[PDB]
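Asker: So I pulled this structure from the PDB, and the sequence comes with it:
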Amino acid sequence: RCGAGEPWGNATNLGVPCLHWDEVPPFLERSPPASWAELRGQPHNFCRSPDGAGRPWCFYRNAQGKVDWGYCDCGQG
């Protein structure tokens with residue numbers, strides 16, 4: 001039950017949980033496609049959509065200690 005454009009919430013697409021936007025390390029492993037400082041979900045974690053294509057995505061933190069970003073479509077990655 002995953003339509004494109006609809007985020008899973010706190011999981012990059014359908015995999016790794018979204019870390020908090022203010023908890024994103026200044027030295028990041030992935031480069032973000034857009035300036036997300038205005039996603040303004042800093043206090044919390046939840047997919048955001050900087051892309052005018054209606055494509056939500058968040059930063060996921062995995063058990064490797066990594067924090068990267070992924071599209072939240074639950075089937076578009």
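Answerer: Alright, I've got the coordinates. Numbering: from 1, shown residues only.
Asker: need the strands for this protein, in chain order.
Answerer: Secondary structure of the chain (DSSP state E): strands at 48-51, 55-61, 67-71.
Asker: okay, these, which one's buried deepest?
Answerer: strand 55-61 (a mean of 24; mean count of other Cβ atoms under 10 Å). Heads up, the C-betas are built off the backbone N, CA and C, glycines and all.
Asker: Name the residues that touch that strand?
Answerer: Residues outside strand 55-61 that contact it (Cβ atoms under 8 Å, 6 or more residues apart in numbering): 5-7, 10-12, 15-19, 21, 24, 28, 30, 32, 45-49, 51, 67-73, 76.
Asker: which of those residues are buried?
Answerer: 7, 10-12, 16, 18-19, 21, 24, 45, 47-49, 67-73, 76 (16 or more other Cβ atoms under 10 Å).
Asker: Reformat the strands of the chain as CSV; add distance to residue 1.
Answerer: Converted to CSV, these look like this (distance: least, Cβ to Cβ, whole Å):
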stretch, distance to residue 1
strand 48-51, 20
strand 55-61, 16
strand 67-71, 17
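Asker: measure the residue most central in space within the chain to residue 43 for me?
Answerer: The residue lying closest to the centre of the chain (Cα atoms, centre = their mean) is residue 58, at 0.6 Å. Distance of residue 58 to residue 43, given as Cβ to Cβ, to the nearest Å: 14 Å.
Asker: likewise residue 1?
Answerer: For residue 1, the distance to residue 43 - Cβ to Cβ - is 29 Å.
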